[PDB]
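For reference, the structure is listed below as structure tokens.
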Amino acid sequence: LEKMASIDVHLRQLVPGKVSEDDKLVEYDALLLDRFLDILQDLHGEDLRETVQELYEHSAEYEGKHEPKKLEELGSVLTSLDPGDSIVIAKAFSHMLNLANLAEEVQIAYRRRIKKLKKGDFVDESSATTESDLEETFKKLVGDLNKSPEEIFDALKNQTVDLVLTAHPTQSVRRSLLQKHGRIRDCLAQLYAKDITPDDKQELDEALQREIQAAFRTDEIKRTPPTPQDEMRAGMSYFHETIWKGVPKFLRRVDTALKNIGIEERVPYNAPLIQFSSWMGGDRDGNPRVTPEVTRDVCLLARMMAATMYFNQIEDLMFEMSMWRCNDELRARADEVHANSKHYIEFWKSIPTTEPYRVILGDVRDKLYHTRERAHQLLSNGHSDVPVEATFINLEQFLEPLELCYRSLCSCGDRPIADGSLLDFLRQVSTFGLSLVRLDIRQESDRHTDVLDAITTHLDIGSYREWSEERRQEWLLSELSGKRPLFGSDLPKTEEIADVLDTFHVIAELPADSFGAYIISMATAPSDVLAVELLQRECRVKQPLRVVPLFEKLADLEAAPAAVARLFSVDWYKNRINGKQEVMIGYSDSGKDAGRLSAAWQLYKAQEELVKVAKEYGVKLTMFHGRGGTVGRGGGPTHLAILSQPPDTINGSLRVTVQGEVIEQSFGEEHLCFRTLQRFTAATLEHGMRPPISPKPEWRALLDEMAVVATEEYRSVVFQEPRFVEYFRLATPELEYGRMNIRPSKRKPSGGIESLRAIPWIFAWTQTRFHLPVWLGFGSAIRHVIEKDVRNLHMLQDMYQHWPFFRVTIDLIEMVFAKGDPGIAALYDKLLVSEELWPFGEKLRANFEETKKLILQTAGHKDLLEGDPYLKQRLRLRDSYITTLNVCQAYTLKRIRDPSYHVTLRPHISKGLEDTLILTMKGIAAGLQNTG
Amino acid sequence: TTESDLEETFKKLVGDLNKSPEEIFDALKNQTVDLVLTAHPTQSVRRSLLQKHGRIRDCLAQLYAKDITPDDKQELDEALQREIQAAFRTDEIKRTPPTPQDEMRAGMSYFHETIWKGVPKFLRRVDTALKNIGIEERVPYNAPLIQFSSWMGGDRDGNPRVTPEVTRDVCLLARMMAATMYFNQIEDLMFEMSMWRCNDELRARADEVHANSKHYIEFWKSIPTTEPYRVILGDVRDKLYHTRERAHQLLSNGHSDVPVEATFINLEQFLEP
Amino acid sequence: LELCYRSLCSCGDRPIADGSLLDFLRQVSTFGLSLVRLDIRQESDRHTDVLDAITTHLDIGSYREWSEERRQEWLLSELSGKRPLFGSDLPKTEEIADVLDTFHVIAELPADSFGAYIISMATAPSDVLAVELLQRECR
Ligand SMILES: [Cl-]
Ligand SMILES: [Cl-]
Ligand SMILES: [Cl-]
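Protein chains in written order, with the authors' numbering: chain A, 6 to 346, 352 to 752, 755 to 923, 947 to 967; chain B, 134 to 346, 352 to 411; chain E, 412 to 550.
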């Protein structure tokens, strides 16, 4: 069998050059592809393997030269398959793509960094190969900015990176498949060690094939569109994978680099340099399955996982903490704890007072066990019997004895011992707390409007809905300044109103350690924030959540600093916020309203103005970056994006969404996790002391014109074109995506793109390799300013080379274009769109090509991603696998929607099209990862 | 430095003695090395110091890797000093002339150290070396090429501290440690066994086990019949837990309440599923 | 028990039903599930203190200074209205918390256990209205 010779050729034709000297990516992918196809032949026959290989060879042939003949060949084969062979081929290409992603992660993890490749400016910070590590960022602050070491250390102490993990917009990959992927990565890595013996290599190859087959032989359908509890279980997998051990690894590295610049202290173990938040189970915005019980559930589950990991982790700590010399305080506490009544009988019959650290640590272990057991009982029943005094309820109870051990050990010169497992444990307690993640709530402001309208209607004051914004403000301010409650059990509650109030009741019935922020979707005016503050207090929330408005539409972004100023001017709100105010901006959402360029530039300006307001009133402004941003990309780019943020918008608290489509690339691997946490911490540290350049005024004026032209084009296409929605429902799988499910994709099932949610808007166009929501508007803007003045191109180029914000924006567009193909979208059109609607797509695709050519001119590139050949190489590798899933999805849709489209089937190939469709959706989605 | 490894021994038997690969394989099948662990003639080193010694070895090893970065080397050096001082600052005289139960606990440390993972690694290497002489089979998994016996708690010759209760104790402790390790290992085994295609016999057993009414709520709300290997293995996990808890009760009391039918008493019950 | 009595009478076994069964029924009726029904008793001055902390916390004045008719007015508007009176955000002294807790205990137990709430030193209708109000507002 010399089929292996052919796939070696096609891969080498797809990626011919070597982007370094350790570039083994083509080798890795060829190895995985050979093993997988062999497994495929063994399991489903020779004819099936030859069919799959012919399809892939044709797809790589397409992604090389883009001859539409190749697409016609792929389709010719893919329609002749009966549904069974269709499912097999789709599953096959999904898994091959996953293997390609693992090869990429190995390459990135072990690519040698080249110090002679850095240029010396901020552009270095846009790729992992040249970005500054923590110590390079330190020395850069010391050299260019004359910042003293002790200043850098103080800055680090009070800094916080808060990563918010979101549910996957499609398949949150199972925890088991995460582990199998990890095994495949490890086998792949060790196979290329320059010291492995032939028997080690044979057994490694055997384990690699073994794992690949294990992955291919598990189903990814059936059961339910996973309950939010299950989705949350899968989401927390990355703590067991890399993050739990990874946090203290990173922190210790910070300690080392601080030493390597003269700082003799360590980063205080309680300092929250890294924190994690979760939306899984808390985001209700247009999502009815997220009920109050779901929220209580995910809080309790998280507390169980936390207690569990602390329990298993603390035993090794007990083995290490065998000293006897100790502090008088610790001696007293050990004798005190020894006066009491089973969880260490395999280790020691009982812990003697001659190992006091083990005594106290054993008590902490016991309390941890009782905490897990208690939370389990509350989850599965509703009450416990476990005395809350026998558990840990707040973080200070947990930290107090551990800190006693640390101080005590330091009293006796055992500081080095204390800086071991004890230090890593303390740092885990500070990072993860009793809950691992803190839950963020999100809800439409209209739902609070419904609650308050039923409240006022019940009190015979009128309808809160009819009242003007200022009349609402008056009522809410008088009610907040008074102490008299609002309502009781005697309140006509609809289904939605009861859901809202019950949500708040659940928030009040749980520890405040479990919750982060309550976030108001579709925020427009101060009554929307005041409403939530009021409902919180009237639901008896003891320690109330900080209320964070999410300004989405364009006019809302223009109105935002005024609304935040009015809020800051009210004494009640100024006293409640205690000098901190958080505002959420959703790049994807704002782009859905007004196109991407206008949304970006409007968000930069809005952050500037909000900083002006917060400086006026002495409020520390923290910006929360939602899905779609430049800070949501994977890897290197994130660094520059953080550096690019407007000055004094971060201020020691960076809050970014870790989008589901990227979390594997950011935390799936040990090294990847370290370098992610590193670039977040270093980029935050530097931006706090080295703001990006203030834009030249001609840049701001130019961007204002471009924003105008862009939004005009975008809205004229998406909203004003009457026969757009029809095209949207044909040229795109949005309808099938909503009908299948994931969640609901429409707030109002009967409306238009306005009421369509942002995630399905981005997704629907991402599946067809078209990405309309990301680039529409750039074309007419760049075109218009180049025509208005010959020299304006030179200005745009100037910005791309010197203004970080503009560079990161244009770069993201460039990357999305690297993922795009107008011919595939044209294939979807040819199969699913009416003939009289064909020119509509045609013109749109013209806008694509022109915008592509225009973006290049701004960046000074002749090809796409000319400045980051590593990423270009990787995306080129994936596209060959994804394209097959494209043709298959298009023809599958034509087969589902039209039973009048009969095809001469081919006989089934060796040992319900909807399952195929879901496979292609998950595959294409997983391969394209983040766009906009 | 010059002794024959497993494969060099294979090649010497095949070349110099004209023994066929089949004969070597049968001889291996029916062969058994039974290693008997005896109590230490003085200090049976504590388990904590065994782990500290292991860490010191690991730091020393990684410090001389020809590919480590300056920061890794710096942090490894610090971890080595940390462990050396950690070892030196523990007392080893105080308390009791360790109860034979304690001496036995310390003796069994090496199963957790290297042996538990070490046995299947060695066996797998036997499989590889057998492939390299033409043998397509693996060494049968139930064939006892390696066995472990212990005198800790059983040798009474001129040693009155070894009472019958001491023997009962070390037997129950050993069954506990075994049940623990099987329980912890079968978790990862359950994550791996996510297939759906299965045997008619195994399908029957999976549907049958599904006919019943807690140890996997952090992983899966419940295991469905579309993951039958996870069904059978989850039941085995449950039986392991009941075995450990039962032995714990028998050790600490003298009776249980755990029905012996819900545990593993003999090896065939364990191996069958 | 009543089913048993009816049944025995059905078959002309009334004399039997008028025996231990009758004594049992009568004991169930006389003593109920508690033997006795507890009467609560508290001074009116303490309810005045609770209402004073409530009105002071609402910045409407001090219920203690109010005339008997002003008290009556406020208590009646509160009783006919549908908006509650106070919440957890309430400065409770030891005695004030004691009174409110008494009402909470009364709300958390079966009504078979209680008889009457009795106001020591009663002088004017505001004291009775006060207890009725606190009763309704402690659920
Ligand atoms: Cl659940
Ligand atoms: Cl800042
Ligand atoms: Cl014992």
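In this text, a Cβ means the ideal position worked out from N, Cα and C, and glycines have one as well.
Residue burial classification, residue i (beta-carbon count within 10 angstroms, cutoff 16)
i	result
A:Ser360	exposed
E:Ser531	exposed
A:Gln234	buried
A:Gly89	exposed
A:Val574	buried
A:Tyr243	buried
A:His914	exposed
B:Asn345	exposed
B:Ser390	exposed
A:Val558	buried
B:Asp395	exposed
Presumed contact (8 Å Cβ cut-off) between residue i and residue j, rounded CB distance
i	j	result
A:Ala385	A:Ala312	7 Å
A:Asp512	A:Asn404	With a Cβ gap of about 25 Å, A:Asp512 and A:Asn404 do not count as contacting.
E:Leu436	E:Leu412	5 Å
A:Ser282	A:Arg448	5 Å
A:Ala262	A:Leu139	5 Å
A:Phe127	A:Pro816	6 Å
A:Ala741	A:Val845	5 Å
Proximal residues to residue i (C-beta, below 7 Å), its chain only, five neighbours per side dropped
i	result
E:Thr466	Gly472, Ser473 and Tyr474
A:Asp950	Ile92 and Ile226
A:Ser11	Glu62
Own chain partners of residue i with C-beta closer than 8 Å, once the 5 adjacent residues on each side are dropped
i	result
residue 1045 of chain A	With chain A covering 6 to 967 only, the question about residue 1045 of chain A has no answer from this structure.
A:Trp329	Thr364, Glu365 and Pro366
A:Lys865	none
A:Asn661	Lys630, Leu631, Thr632 and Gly698
Contacts around residue i, its chain only, beta-carbon distance under 6 Å, and the 5 residues preceding and following it disregarded
i	result
A:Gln675	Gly644
A:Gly372	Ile361
A:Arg637	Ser598, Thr667 and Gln669
A:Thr659	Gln617, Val621 and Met633
Nearest-angstrom Cα separation, counted from residue j out to residue i
i	j	result
B:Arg289	B:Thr300	10 Å
A:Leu53	A:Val20	26 Å
A:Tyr61	A:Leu16	10 Å
A:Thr135	A:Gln46	42 Å
E:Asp424	E:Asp434	16 Å
A:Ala871	A:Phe818	10 Å
residue 351 of chain B	B:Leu256	For chain B, the structure lists 346 followed at once by 352, and that leaves residue 351 of chain B out of the model.
B:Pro203	A:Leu42	42 Å
A:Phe738	A:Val786	15 Å
B:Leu170	B:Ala239	11 Å
A:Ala339	B:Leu193	34 Å
B:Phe316	B:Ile370	14 Å
A:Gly947	A:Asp841	23 Å
residue 351 of chain B	A:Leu30	Chain B lacks the residues between 346 and 352, and residue 351 of chain B is one of those with no coordinates.
A:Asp376	B:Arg215	27 Å
A:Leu839	A:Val899	8 Å
Identify every run of the beta strand (DSSP E) within the region 468-544 of chain E, keeping only runs that are complete inside it and at least 3 residues long; order them along the chain. 525-531
Which ranges would you report for the alpha helix (DSSP H) in the region 129-167 of chain A if only whole runs of at least 4 residues count? Segments of the alpha helix (DSSP H) lying fully in the region 129-167 of chain A: 139-149 and 154-162.
Extract the residue ranges of the beta strand (DSSP E) inside the region 173-253 of chain A, only unbroken runs of 3 or more that lie entirely within it. The region 173-253 of chain A contains no whole beta strand (DSSP E) run of 3 or more residues.
Please list, in chain order, all residues with a C-beta atom less than 6 Å from at least one heavy atom of ligand 4. Annotation note on ligand 4: not contained in the displayed structure, which lists ligand 1, ligand 2 and ligand 3 as its ligands.
Runs of alpha helix (DSSP H) lying entirely within the region 838-916 of chain A, each at least 4 residues, in chain order: Segments of the alpha helix (DSSP H) lying fully in the region 838-916 of chain A: 850-871 and 881-909.
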